[PDB]
file start-v9.pdb (PDB, C-alpha atoms)
ATOM      1  CA  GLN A   1      16.237  27.760 -27.772
ATOM      2  CA  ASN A   2      13.987  28.721 -24.802
ATOM      3  CA  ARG A   3      13.102  25.066 -25.182
ATOM      4  CA  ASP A   4      16.645  24.037 -26.016
ATOM      5  CA  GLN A   5      17.425  26.164 -23.013
ATOM      6  CA  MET A   6      14.518  24.872 -20.874
ATOM      7  CA  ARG A   7      16.051  21.428 -20.962
ATOM      8  CA  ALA A   8      19.254  22.896 -19.512
ATOM      9  CA  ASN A   9      17.127  24.353 -16.705
ATOM     10  CA  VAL A  10      15.526  20.976 -16.035
ATOM     11  CA  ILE A  11      18.875  19.147 -16.112
ATOM     12  CA  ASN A  12      20.398  21.686 -13.718
ATOM     13  CA  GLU A  13      17.424  21.577 -11.373
ATOM     14  CA  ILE A  14      17.555  17.787 -11.305
ATOM     15  CA  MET A  15      21.254  17.885 -10.496
ATOM     16  CA  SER A  16      20.526  20.437  -7.786
ATOM     17  CA  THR A  17      17.801  18.431  -6.042
ATOM     18  CA  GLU A  18      19.978  15.337  -6.278
ATOM     19  CA  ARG A  19      22.939  17.031  -4.623
ATOM     20  CA  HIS A  20      20.728  18.497  -1.899
ATOM     21  CA  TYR A  21      18.991  15.148  -1.428
ATOM     22  CA  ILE A  22      22.255  13.251  -1.093
ATOM     23  CA  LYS A  23      23.297  15.974   1.360
ATOM     24  CA  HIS A  24      20.134  15.328   3.385
ATOM     25  CA  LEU A  25      20.913  11.637   3.326
ATOM     26  CA  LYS A  26      24.379  12.473   4.587
ATOM     27  CA  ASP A  27      23.026  14.724   7.336
ATOM     28  CA  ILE A  28      20.657  11.907   8.313
ATOM     29  CA  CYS A  29      23.113   8.981   8.408
ATOM     30  CA  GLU A  30      25.857  11.116   9.964
ATOM     31  CA  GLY A  31      23.831  13.590  12.019
ATOM     32  CA  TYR A  32      21.171  11.348  13.558
ATOM     33  CA  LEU A  33      21.999   7.643  13.034
ATOM     34  CA  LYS A  34      25.613   7.718  14.245
ATOM     35  CA  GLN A  35      24.757   9.564  17.462
ATOM     36  CA  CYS A  36      21.888   7.202  18.254
ATOM     37  CA  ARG A  37      24.161   4.215  17.730
ATOM     38  CA  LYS A  38      26.588   5.892  20.150
ATOM     39  CA  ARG A  39      23.898   5.995  22.852
ATOM     40  CA  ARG A  40      22.799   2.419  23.616
ATOM     41  CA  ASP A  41      21.254   3.698  26.841
ATOM     42  CA  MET A  42      18.582   5.568  24.892
ATOM     43  CA  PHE A  43      18.043   3.592  21.691
ATOM     44  CA  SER A  44      17.663  -0.181  21.490
ATOM     45  CA  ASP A  45      18.473  -2.201  18.394
ATOM     46  CA  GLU A  46      14.765  -2.680  17.757
ATOM     47  CA  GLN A  47      14.060   1.045  18.129
ATOM     48  CA  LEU A  48      16.797   1.984  15.640
ATOM     49  CA  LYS A  49      15.574  -0.659  13.195
ATOM     50  CA  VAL A  50      12.016   0.700  13.342
ATOM     51  CA  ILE A  51      12.819   4.405  13.093
ATOM     52  CA  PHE A  52      15.576   4.557  10.467
ATOM     53  CA  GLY A  53      14.903   1.491   8.297
ATOM     54  CA  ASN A  54      17.250   0.859   5.363
ATOM     55  CA  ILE A  55      18.219   4.538   5.074
ATOM     56  CA  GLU A  56      21.933   3.682   5.210
ATOM     57  CA  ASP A  57      21.422   1.328   2.274
ATOM     58  CA  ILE A  58      19.480   4.088   0.513
ATOM     59  CA  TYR A  59      22.387   6.501   0.983
ATOM     60  CA  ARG A  60      24.798   3.843  -0.287
ATOM     61  CA  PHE A  61      22.741   3.496  -3.482
ATOM     62  CA  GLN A  62      22.163   7.217  -4.005
ATOM     63  CA  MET A  63      25.901   7.844  -3.811
ATOM     64  CA  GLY A  64      26.544   5.619  -6.817
ATOM     65  CA  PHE A  65      23.541   6.974  -8.705
ATOM     66  CA  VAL A  66      24.475  10.627  -8.265
ATOM     67  CA  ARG A  67      28.043   9.593  -9.097
ATOM     68  CA  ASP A  68      27.072   8.220 -12.507
ATOM     69  CA  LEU A  69      24.860  11.270 -13.044
ATOM     70  CA  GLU A  70      27.774  13.645 -12.470
ATOM     71  CA  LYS A  71      29.707  11.464 -14.904
ATOM     72  CA  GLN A  72      27.002  12.065 -17.514
ATOM     73  CA  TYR A  73      26.901  15.824 -16.966
ATOM     74  CA  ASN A  74      28.005  18.004 -19.874
ATOM     75  CA  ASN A  75      29.781  21.157 -18.701
ATOM     76  CA  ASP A  76      30.435  22.555 -22.175
ATOM     77  CA  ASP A  77      26.720  22.174 -22.831
ATOM     78  CA  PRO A  78      24.347  21.334 -19.917
ATOM     79  CA  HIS A  79      21.260  20.638 -22.057
ATOM     80  CA  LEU A  80      23.290  18.046 -23.970
ATOM     81  CA  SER A  81      23.561  15.836 -20.916
ATOM     82  CA  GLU A  82      22.385  12.300 -21.674
ATOM     83  CA  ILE A  83      20.835  11.127 -18.411
ATOM     84  CA  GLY A  84      18.175   8.555 -19.311
ATOM     85  CA  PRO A  85      20.813   5.763 -19.340
ATOM     86  CA  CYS A  86      21.541   6.564 -15.680
ATOM     87  CA  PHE A  87      18.014   5.915 -14.458
ATOM     88  CA  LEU A  88      17.876   2.878 -16.720
ATOM     89  CA  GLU A  89      20.951   1.050 -15.394
ATOM     90  CA  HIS A  90      19.998   1.805 -11.780
ATOM     91  CA  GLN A  91      16.326   0.994 -12.377
ATOM     92  CA  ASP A  92      16.580  -2.060 -10.168
ATOM     93  CA  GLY A  93      18.252  -0.182  -7.305
ATOM     94  CA  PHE A  94      15.196   1.934  -6.605
ATOM     95  CA  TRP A  95      13.292  -1.101  -5.341
ATOM     96  CA  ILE A  96      15.141  -0.617  -2.041
ATOM     97  CA  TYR A  97      12.737   2.270  -1.496
ATOM     98  CA  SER A  98       9.885  -0.270  -1.293
ATOM     99  CA  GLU A  99      11.079  -1.434   2.107
ATOM    100  CA  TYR A 100      11.549   2.129   3.307
ATOM    101  CA  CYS A 101       8.098   3.149   2.148
ATOM    102  CA  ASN A 102       6.676   0.165   4.010
ATOM    103  CA  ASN A 103       8.050   0.869   7.467
ATOM    104  CA  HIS A 104       7.471   4.601   7.389
ATOM    105  CA  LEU A 105       4.239   4.949   9.344
ATOM    106  CA  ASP A 106       5.692   2.739  12.074
ATOM    107  CA  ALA A 107       8.596   5.189  12.224
ATOM    108  CA  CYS A 108       6.123   8.049  12.603
ATOM    109  CA  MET A 109       4.493   6.072  15.438
ATOM    110  CA  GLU A 110       7.661   5.424  17.424
ATOM    111  CA  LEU A 111       8.780   9.007  16.748
ATOM    112  CA  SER A 112       5.549  10.464  18.096
ATOM    113  CA  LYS A 113       5.925   8.100  21.046
ATOM    114  CA  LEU A 114       9.462   9.313  21.763
ATOM    115  CA  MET A 115       8.534  12.968  21.235
ATOM    116  CA  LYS A 116       6.799  12.856  24.610
ATOM    117  CA  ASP A 117      10.064  12.662  26.549
ATOM    118  CA  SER A 118      12.053  15.890  26.960
ATOM    119  CA  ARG A 119      15.258  13.853  26.918
ATOM    120  CA  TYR A 120      14.733  12.704  23.342
ATOM    121  CA  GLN A 121      13.482  16.185  22.425
ATOM    122  CA  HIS A 122      16.609  17.986  23.626
ATOM    123  CA  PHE A 123      18.772  15.242  22.126
ATOM    124  CA  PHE A 124      17.227  15.503  18.670
ATOM    125  CA  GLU A 125      17.306  19.295  18.858
ATOM    126  CA  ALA A 126      21.022  19.173  19.629
ATOM    127  CA  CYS A 127      21.721  16.702  16.822
ATOM    128  CA  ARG A 128      19.902  18.926  14.321
ATOM    129  CA  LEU A 129      21.895  21.871  15.713
ATOM    130  CA  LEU A 130      25.237  20.184  15.075
ATOM    131  CA  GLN A 131      24.711  19.079  11.468
ATOM    132  CA  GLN A 132      23.463  22.537  10.469
ATOM    133  CA  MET A 133      20.120  21.432   9.075
ATOM    134  CA  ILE A 134      16.986  23.524   8.720
ATOM    135  CA  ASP A 135      14.515  23.755  11.605
ATOM    136  CA  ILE A 136      12.621  20.652  10.499
ATOM    137  CA  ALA A 137      12.040  17.891  13.034
ATOM    138  CA  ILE A 138      13.472  14.437  12.398
ATOM    139  CA  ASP A 139      10.061  13.077  11.363
ATOM    140  CA  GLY A 140      10.139  15.568   8.512
ATOM    141  CA  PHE A 141      13.639  14.652   7.375
ATOM    142  CA  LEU A 142      12.561  10.990   7.489
ATOM    143  CA  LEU A 143       9.973  11.672   4.791
ATOM    144  CA  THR A 144      12.410  12.934   2.167
ATOM    145  CA  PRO A 145      13.058   9.597   0.445
ATOM    146  CA  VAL A 146       9.331   8.900   0.145
ATOM    147  CA  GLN A 147       9.047  12.355  -1.400
ATOM    148  CA  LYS A 148      12.028  11.816  -3.706
ATOM    149  CA  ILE A 149      10.802   8.507  -5.150
ATOM    150  CA  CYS A 150       7.479  10.219  -5.854
ATOM    151  CA  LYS A 151       9.122  13.294  -7.398
ATOM    152  CA  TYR A 152      11.106  11.345 -10.022
ATOM    153  CA  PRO A 153       8.416  10.816 -12.688
ATOM    154  CA  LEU A 154       7.396  14.462 -12.302
ATOM    155  CA  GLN A 155      10.962  15.518 -13.079
ATOM    156  CA  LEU A 156      11.266  13.056 -15.981
ATOM    157  CA  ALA A 157       8.068  14.263 -17.617
ATOM    158  CA  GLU A 158       9.391  17.820 -17.519
ATOM    159  CA  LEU A 159      12.712  16.753 -19.012
ATOM    160  CA  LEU A 160      10.960  14.893 -21.815
ATOM    161  CA  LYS A 161       8.887  17.978 -22.695
ATOM    162  CA  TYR A 162      12.030  19.918 -23.570
ATOM    163  CA  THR A 163      13.734  17.046 -25.362
ATOM    164  CA  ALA A 164      13.890  17.010 -29.147
ATOM    165  CA  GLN A 165      12.786  13.893 -31.021
ATOM    166  CA  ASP A 166      16.267  13.682 -32.595
ATOM    167  CA  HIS A 167      18.128  14.041 -29.314
ATOM    168  CA  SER A 168      20.304  10.996 -28.587
ATOM    169  CA  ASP A 169      18.753  11.058 -25.139
ATOM    170  CA  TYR A 170      15.126  11.061 -26.289
ATOM    171  CA  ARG A 171      14.298   7.350 -26.200
ATOM    172  CA  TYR A 172      16.228   6.832 -22.998
ATOM    173  CA  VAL A 173      14.449   9.649 -21.158
ATOM    174  CA  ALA A 174      11.120   8.267 -22.385
ATOM    175  CA  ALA A 175      11.905   4.694 -21.341
ATOM    176  CA  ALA A 176      13.135   5.870 -17.958
ATOM    177  CA  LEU A 177       9.908   7.830 -17.422
ATOM    178  CA  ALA A 178       7.910   4.650 -18.051
ATOM    179  CA  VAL A 179      10.218   2.773 -15.692
ATOM    180  CA  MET A 180       9.990   5.180 -12.747
ATOM    181  CA  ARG A 181       6.232   5.411 -13.118
ATOM    182  CA  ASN A 182       6.055   1.640 -12.970
ATOM    183  CA  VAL A 183       8.301   1.593  -9.913
ATOM    184  CA  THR A 184       6.251   4.202  -8.034
ATOM    185  CA  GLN A 185       3.035   2.320  -8.675
ATOM    186  CA  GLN A 186       4.556  -1.040  -7.728
ATOM    187  CA  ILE A 187       5.816   0.383  -4.461
ATOM    188  CA  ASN A 188       2.378   1.836  -3.775
ATOM    189  CA  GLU A 189       0.198  -1.180  -4.633
ATOM    190  CA  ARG A 190       2.548  -3.718  -2.995
ATOM    191  CA  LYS A 191       3.108  -1.884   0.297
ATOM    192  CA  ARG A 192      -0.300  -0.340   0.868
ATOM    193  CA  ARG A 193      -2.594  -2.992  -0.462
ATOM    194  CA  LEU A 194      -0.660  -6.113   0.461
ATOM    195  CA  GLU A 195      -0.302  -4.767   4.029
ATOM    196  CA  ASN A 196      -4.038  -4.482   3.846
ATOM    197  CA  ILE A 197      -3.414  -8.178   3.158
ATOM    198  CA  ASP A 198      -1.389  -8.235   6.413
ATOM    199  CA  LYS A 199      -4.092  -6.872   8.736
ATOM    200  CA  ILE A 200      -6.792  -9.451   7.865
ATOM    201  CA  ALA A 201      -4.541 -12.007   9.566
ATOM    202  CA  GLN A 202      -4.838  -9.992  12.766
ATOM    203  CA  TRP A 203      -8.592 -10.012  12.317
ATOM    204  CA  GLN A 204      -8.603 -13.769  11.703
ATOM    205  CA  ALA A 205      -6.668 -14.378  14.905
ATOM    206  CA  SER A 206      -9.221 -12.262  16.762
ATOM    207  CA  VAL A 207     -11.833 -14.827  15.683
ATOM    208  CA  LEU A 208     -12.592 -17.872  17.850
ATOM    209  CA  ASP A 209     -13.235 -21.484  16.822
ATOM    210  CA  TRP A 210     -11.349 -21.286  13.541
ATOM    211  CA  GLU A 211     -12.139 -24.155  11.157
ATOM    212  CA  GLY A 212     -10.515 -24.845   7.781
ATOM    213  CA  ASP A 213      -7.390 -23.499   6.077
ATOM    214  CA  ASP A 214      -6.072 -20.040   6.833
ATOM    215  CA  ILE A 215      -7.984 -17.457   4.838
ATOM    216  CA  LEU A 216      -4.732 -16.144   3.301
ATOM    217  CA  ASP A 217      -4.414 -19.454   1.477
ATOM    218  CA  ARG A 218      -6.917 -18.449  -1.216
ATOM    219  CA  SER A 219      -7.783 -14.818  -0.483
ATOM    220  CA  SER A 220      -5.944 -11.504  -0.285
ATOM    221  CA  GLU A 221      -8.355  -8.543   0.154
ATOM    222  CA  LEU A 222     -11.351  -7.675   2.305
ATOM    223  CA  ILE A 223     -14.104  -6.569  -0.055
ATOM    224  CA  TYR A 224     -17.128  -5.928   2.167
ATOM    225  CA  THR A 225     -18.563  -6.796   5.574
ATOM    226  CA  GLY A 226     -21.956  -6.325   7.175
ATOM    227  CA  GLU A 227     -24.685  -7.840   9.305
ATOM    228  CA  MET A 228     -27.477  -9.661   7.453
ATOM    229  CA  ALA A 229     -30.186 -12.247   8.106
ATOM    230  CA  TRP A 230     -29.841 -15.537   6.209
ATOM    231  CA  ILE A 231     -31.326 -18.966   5.470
ATOM    232  CA  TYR A 232     -29.016 -21.865   4.605
ATOM    233  CA  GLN A 233     -31.569 -24.157   2.965
ATOM    234  CA  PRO A 234     -35.301 -24.191   2.154
ATOM    235  CA  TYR A 235     -37.391 -24.531   5.341
ATOM    236  CA  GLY A 236     -34.256 -23.518   7.254
ATOM    237  CA  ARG A 237     -34.231 -21.347  10.368
ATOM    238  CA  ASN A 238     -33.448 -17.628  10.152
ATOM    239  CA  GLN A 239     -30.068 -16.710  11.642
ATOM    240  CA  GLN A 240     -28.466 -13.333  12.389
ATOM    241  CA  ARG A 241     -24.851 -13.505  11.272
ATOM    242  CA  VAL A 242     -21.983 -11.187  10.363
ATOM    243  CA  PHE A 243     -20.500 -11.692   6.912
ATOM    244  CA  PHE A 244     -16.948 -11.073   5.721
ATOM    245  CA  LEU A 245     -16.453 -11.196   1.945
ATOM    246  CA  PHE A 246     -13.005 -11.872   0.493
ATOM    247  CA  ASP A 247     -11.790 -12.835  -2.977
ATOM    248  CA  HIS A 248     -12.878 -16.463  -3.633
ATOM    249  CA  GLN A 249     -14.504 -16.972  -0.199
ATOM    250  CA  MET A 250     -17.010 -15.437   2.234
ATOM    251  CA  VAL A 251     -16.636 -16.287   5.927
ATOM    252  CA  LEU A 252     -19.521 -15.788   8.355
ATOM    253  CA  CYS A 253     -19.293 -15.265  12.120
ATOM    254  CA  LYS A 254     -21.645 -15.035  15.094
ATOM    255  CA  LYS A 255     -21.507 -12.173  17.566
ATOM    256  CA  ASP A 256     -21.417 -13.196  21.199
ATOM    257  CA  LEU A 257     -24.747 -12.522  22.869
ATOM    258  CA  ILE A 258     -23.199 -10.450  25.669
ATOM    259  CA  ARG A 259     -19.650  -9.464  24.777
ATOM    260  CA  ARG A 260     -20.513  -7.884  21.439
ATOM    261  CA  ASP A 261     -16.867  -7.514  20.432
ATOM    262  CA  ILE A 262     -16.451 -11.284  20.168
ATOM    263  CA  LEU A 263     -16.745 -13.440  17.053
ATOM    264  CA  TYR A 264     -17.203 -17.174  16.714
ATOM    265  CA  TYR A 265     -16.393 -18.664  13.306
ATOM    266  CA  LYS A 266     -19.507 -20.219  11.802
ATOM    267  CA  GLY A 267     -18.375 -21.211   8.310
ATOM    268  CA  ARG A 268     -17.386 -19.978   4.860
ATOM    269  CA  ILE A 269     -18.634 -20.096   1.245
ATOM    270  CA  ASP A 270     -16.622 -20.722  -1.928
ATOM    271  CA  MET A 271     -17.689 -17.857  -4.203
ATOM    272  CA  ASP A 272     -16.022 -19.461  -7.229
ATOM    273  CA  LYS A 273     -18.908 -21.943  -7.160
ATOM    274  CA  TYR A 274     -21.767 -19.507  -6.531
ATOM    275  CA  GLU A 275     -23.787 -17.069  -8.625
ATOM    276  CA  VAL A 276     -25.731 -14.067  -7.331
ATOM    277  CA  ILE A 277     -29.454 -14.029  -8.093
ATOM    278  CA  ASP A 278     -31.083 -10.671  -7.385
ATOM    279  CA  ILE A 279     -34.507 -11.360  -5.904
ATOM    280  CA  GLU A 280     -37.288  -8.811  -6.318
ATOM    281  CA  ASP A 281     -39.836  -7.852  -3.666
ATOM    282  CA  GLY A 282     -42.951  -9.858  -2.887
ATOM    283  CA  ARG A 283     -43.127 -13.601  -2.331
ATOM    284  CA  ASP A 284     -40.685 -16.498  -2.787
ATOM    285  CA  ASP A 285     -41.147 -20.063  -4.004
ATOM    286  CA  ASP A 286     -40.352 -23.031  -1.741
ATOM    287  CA  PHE A 287     -38.155 -21.959   0.159
ATOM    288  CA  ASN A 288     -41.617 -20.349   0.676
ATOM    289  CA  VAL A 289     -41.488 -17.016   2.555
ATOM    290  CA  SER A 290     -42.169 -13.266   2.171
ATOM    291  CA  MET A 291     -39.429 -10.854   1.088
ATOM    292  CA  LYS A 292     -38.142  -7.281   1.321
ATOM    293  CA  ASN A 293     -34.588  -6.172   0.405
ATOM    294  CA  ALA A 294     -33.620  -9.750  -0.440
ATOM    295  CA  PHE A 295     -31.361 -11.776  -2.736
ATOM    296  CA  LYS A 296     -30.116 -15.330  -3.264
ATOM    297  CA  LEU A 297     -26.997 -17.424  -3.933
ATOM    298  CA  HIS A 298     -27.188 -20.379  -6.312
ATOM    299  CA  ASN A 299     -24.663 -23.157  -6.903
ATOM    300  CA  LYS A 300     -23.546 -23.534 -10.530
ATOM    301  CA  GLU A 301     -23.204 -27.326 -10.623
ATOM    302  CA  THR A 302     -25.447 -28.138  -7.658
ATOM    303  CA  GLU A 303     -29.062 -27.204  -6.950
ATOM    304  CA  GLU A 304     -27.722 -25.778  -3.698
ATOM    305  CA  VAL A 305     -29.351 -22.488  -2.746
ATOM    306  CA  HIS A 306     -29.124 -19.881   0.033
ATOM    307  CA  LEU A 307     -31.289 -16.889   1.001
ATOM    308  CA  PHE A 308     -30.153 -13.429   2.150
ATOM    309  CA  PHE A 309     -31.911 -10.406   3.674
ATOM    310  CA  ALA A 310     -30.357  -7.038   4.400
ATOM    311  CA  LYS A 311     -32.102  -4.417   6.511
ATOM    312  CA  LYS A 312     -31.897  -1.369   4.251
ATOM    313  CA  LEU A 313     -31.891  -1.025   0.465
ATOM    314  CA  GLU A 314     -28.529   0.747   0.606
ATOM    315  CA  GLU A 315     -27.166  -2.489   1.986
ATOM    316  CA  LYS A 316     -28.747  -4.597  -0.744
ATOM    317  CA  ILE A 317     -27.005  -2.340  -3.248
ATOM    318  CA  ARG A 318     -23.715  -2.225  -1.332
ATOM    319  CA  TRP A 319     -23.738  -6.014  -1.154
ATOM    320  CA  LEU A 320     -24.611  -6.639  -4.789
ATOM    321  CA  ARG A 321     -21.882  -4.172  -5.744
ATOM    322  CA  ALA A 322     -19.576  -6.103  -3.421
ATOM    323  CA  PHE A 323     -20.256  -9.362  -5.256
ATOM    324  CA  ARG A 324     -19.799  -7.792  -8.669
ATOM    325  CA  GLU A 325     -16.632  -6.328  -7.185
ATOM    326  CA  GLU A 326     -15.496  -9.764  -6.062
ATOM    327  CA  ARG A 327     -16.023 -11.344  -9.475
ATOM    328  CA  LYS A 328     -14.196  -8.485 -11.196
ATOM    329  CA  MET A 329     -11.344  -8.945  -8.732
ATOM    330  CA  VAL A 330     -11.150 -12.692  -9.364
ATOM    331  CA  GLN A 331     -11.139 -12.194 -13.126
ATOM    332  CA  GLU A 332      -8.523  -9.434 -12.913
ATOM    333  CA  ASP A 333      -6.279 -11.386 -10.523
ATOM    334  CA  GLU A 334      -6.371 -14.559 -12.604
ATOM    335  CA  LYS A 335      -5.778 -12.485 -15.744
ATOM    336  CA  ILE A 336      -2.834 -10.589 -14.248
ATOM    337  CA  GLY A 337      -1.608 -13.547 -12.189
TER     338      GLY A 337
END
call {"tool": "encode", "arguments": {"input": "start-v9.pdb", "output": "structure tokens"}}
result
Amino acid sequence: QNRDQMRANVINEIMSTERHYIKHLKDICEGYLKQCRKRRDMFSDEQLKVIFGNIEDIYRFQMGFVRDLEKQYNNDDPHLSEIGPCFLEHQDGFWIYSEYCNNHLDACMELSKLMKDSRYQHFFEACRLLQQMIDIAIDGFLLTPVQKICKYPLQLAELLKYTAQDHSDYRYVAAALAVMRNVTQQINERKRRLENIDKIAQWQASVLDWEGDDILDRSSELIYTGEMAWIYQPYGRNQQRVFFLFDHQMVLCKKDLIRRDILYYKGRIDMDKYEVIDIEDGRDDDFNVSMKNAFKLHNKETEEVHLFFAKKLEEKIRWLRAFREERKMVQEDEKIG
């Protein structure tokens, strides 16, 4: 015991937070959603869609989950409850949080936007006053499922700690811990980083004179970007461009001479066909120039060669690190698929 009891504490706490959480879901879908649907004159279809997301779906799933959990609860002996199986058979269901975790910041945006009108303020205040919730604004209550999907592996780790190796629930609790950890990280990497993938499309559209395929055809991450001087070929003329490095390719633009916030597409490089040669200080061979803070890009199959100058040394280092970064990313992406 006091270990064989601790587990009973963990089980009971989990059950608690689940009942409270499903109650918060109820107070959300009944207290806020319903009333906003009732008032077309204040909330569009688009507005509702942005603010609440798939929360009704979430509630619908949580109901069944908590239901099976209560089925698995042992009243004669709480710490005997076998609850791993529950998480395991509903392991797919949790992916509906992905969506919710994606459109959350947008919900915070529209909420902050609608918190400027006293109408919506008094309305929300009233709604929260009817459903008997705590004095937390709606933006707070809208964070609870992001919290809850993050809390799960924390609660599973604790349950495992006070689970005996011979417990019929041991392997299931373990497996489920692995599962929820996986889920949380998948949510995270997919939403955050692949919506980083989203915004580069915006940037691309901001660019003028676009030549070639869309960048998102081969790439999917902005590594580094900076202004550097460069020379396309030996005896070439020095040009001031702005470089954008992505996985597989590096696009370069020219800044308008007057409207500085304007970019004209000037070409791209296939990094899968180029190696980075770090050039030391001093004097170059034909080519044939003098150098400080400089490096070079060499074609693997061709004798093609390009010259690059940063301004500072910090930038030479940042850039070299950015190329190493790019190669590591290519290797890792092709390895993971």
call {"tool": "resolve_selection", "arguments": {"input": "start-v9.pdb", "expression": "the PyMOL selection byres ((chain A and resi 209-214) around 8)", "output": "list in words"}}
result
residues 207, 208, 215, 216, 217, 264, 265 and 267 of chain A
call {"tool": "residues_around", "arguments": {"input": "start-v9.pdb", "residues": "range 82-87 of chain A", "least_positions_apart": "2", "cutoff": "12 Å", "atoms": "all atoms listed in the file", "output": "ChimeraX atom specification"}}
result
/A:7-8,10-12,14-15,62,64-75,77-80,89-94,152-153,155-157,159-160,163,167-181,183
call {"tool": "closest_residue", "arguments": {"input": "start-v9.pdb", "among": "A:279, A:133, A:305, A:245", "to": "residue 30 in chain A", "atoms": "all atoms listed in the file"}}
result
A:133
call {"tool": "closest_residue", "arguments": {"input": "start-v9.pdb", "among": "A:195, A:106, A:315, A:227", "to": "residue 52 in chain A", "atoms": "all atoms listed in the file"}}
result
A:106
call {"tool": "closest_residue", "arguments": {"input": "start-v9.pdb", "among": "A:293, A:54, A:249, A:47", "to": "residue 218 in chain A", "atoms": "all atoms listed in the file"}}
result
A:249
call {"tool": "atom_distance", "arguments": {"input": "start-v9.pdb", "atom1": "CA of residue 191 in chain A", "atom2": "CA of residue 102 in chain A"}}
result
5.5 Å
call {"tool": "closest_residue", "arguments": {"input": "start-v9.pdb", "among": "A:262, A:244, A:182, A:223", "to": "residue 95 in chain A", "atoms": "only C-alpha atoms"}}
result
A:182
call {"tool": "atom_distance", "arguments": {"input": "start-v9.pdb", "atom1": "CA of residue 289 in chain A", "atom2": "CA of residue 307 in chain A"}}
result
10.3 Å
